[PDB]
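Just so you know, the sequence shown maps onto residues 53 to 108, 133 to 144, 155 to 268 in full-length UniProt numbering.
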Amino acid sequence: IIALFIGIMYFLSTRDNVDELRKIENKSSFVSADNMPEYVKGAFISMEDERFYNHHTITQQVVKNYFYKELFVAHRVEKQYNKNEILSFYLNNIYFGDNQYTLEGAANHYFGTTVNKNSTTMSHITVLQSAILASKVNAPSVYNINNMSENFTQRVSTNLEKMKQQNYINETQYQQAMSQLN
Numbered sequence: 053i054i055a056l057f058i059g060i061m062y063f064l065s066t067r068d069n070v071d072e073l074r075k076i077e078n079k080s081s082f083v084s085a086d087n088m089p090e091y092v093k094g095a096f097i098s099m100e101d102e103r104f105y106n107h108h133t134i135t136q137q138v139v140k141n142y143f144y155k156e157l158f159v160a161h162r163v164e165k166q167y168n169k170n171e172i173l174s175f176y177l178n179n180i181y182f183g184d185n186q187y188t189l190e191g192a193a194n195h196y197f198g199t200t201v202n203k204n205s206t207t208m209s210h211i212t213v214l215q216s217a218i219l220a221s222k223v224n225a226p227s228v229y230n231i232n233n234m235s236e237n238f239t240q241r242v243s244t245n246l247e248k249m250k251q252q253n254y255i256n257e258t259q260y261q262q263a264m265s266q267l268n
């Protein structure tokens, strides 16, 4: 029956076609990972899925958020998509507060900044702001960017420490963040 429960769960898994993730690209504020500064992707990876590039957690997060056994869907996203694709789906379909489900809509909305390194038309997103938007995605619901508590600040302090530990930012970048943050 634990064989027979693995398989029936797998049938249900296949209802959910993984080609559908492609439609996240069609959104007006979409921005791919390929166009995001190193350290913005780092904010995200270092907090949720340290080893996102080497594994085969972000891919499961992607699945839960678009459709909802999530493991089976997850396997399949990995056969069909490169890592930067998967990462873009993540970042363009998650709750950042105040009705923002894209990284860029979030960033534009709280901060007047952009997450697209190629832009010359709007101010670029700061490491601190990156850490803030990263900290929120799986933060408790009360955690609010428009008025950060000390609990929330703690979570972003920790986001930041992780960025610096996994080398997405340097000592300058990091004490500059910790300073704007206090």
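Each residue gets a CB set at the ideal place from its N, CA and C atoms; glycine is no exception.
| Query | Result |
| --- | --- |
| Selected residue, minimal CA-CA separation from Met99, among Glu164, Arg162, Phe57 and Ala225 | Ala225 |
| Contact set for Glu90: own chain, Cβ-Cβ below 7 Å, skip 5 residues either direction | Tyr254 |
| First and last residue of the uninterrupted alpha helix (DSSP H) at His161 | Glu156 to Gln166 |
| Among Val159, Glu156 and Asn185, nearest to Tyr196 - alpha-carbon criterion | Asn185 |
| Proximal residues to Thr188 (C-beta, below 7 Å), its chain only, five neighbours per side dropped | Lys79, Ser81, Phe82 and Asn178 |
| Per-residue DSSP class, three states only, for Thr258 | helix |
| Residue(s) in a DSSP beta bridge with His210 | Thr200 |
| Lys222 vs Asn87 beta-carbon contact at 8 Å | no |
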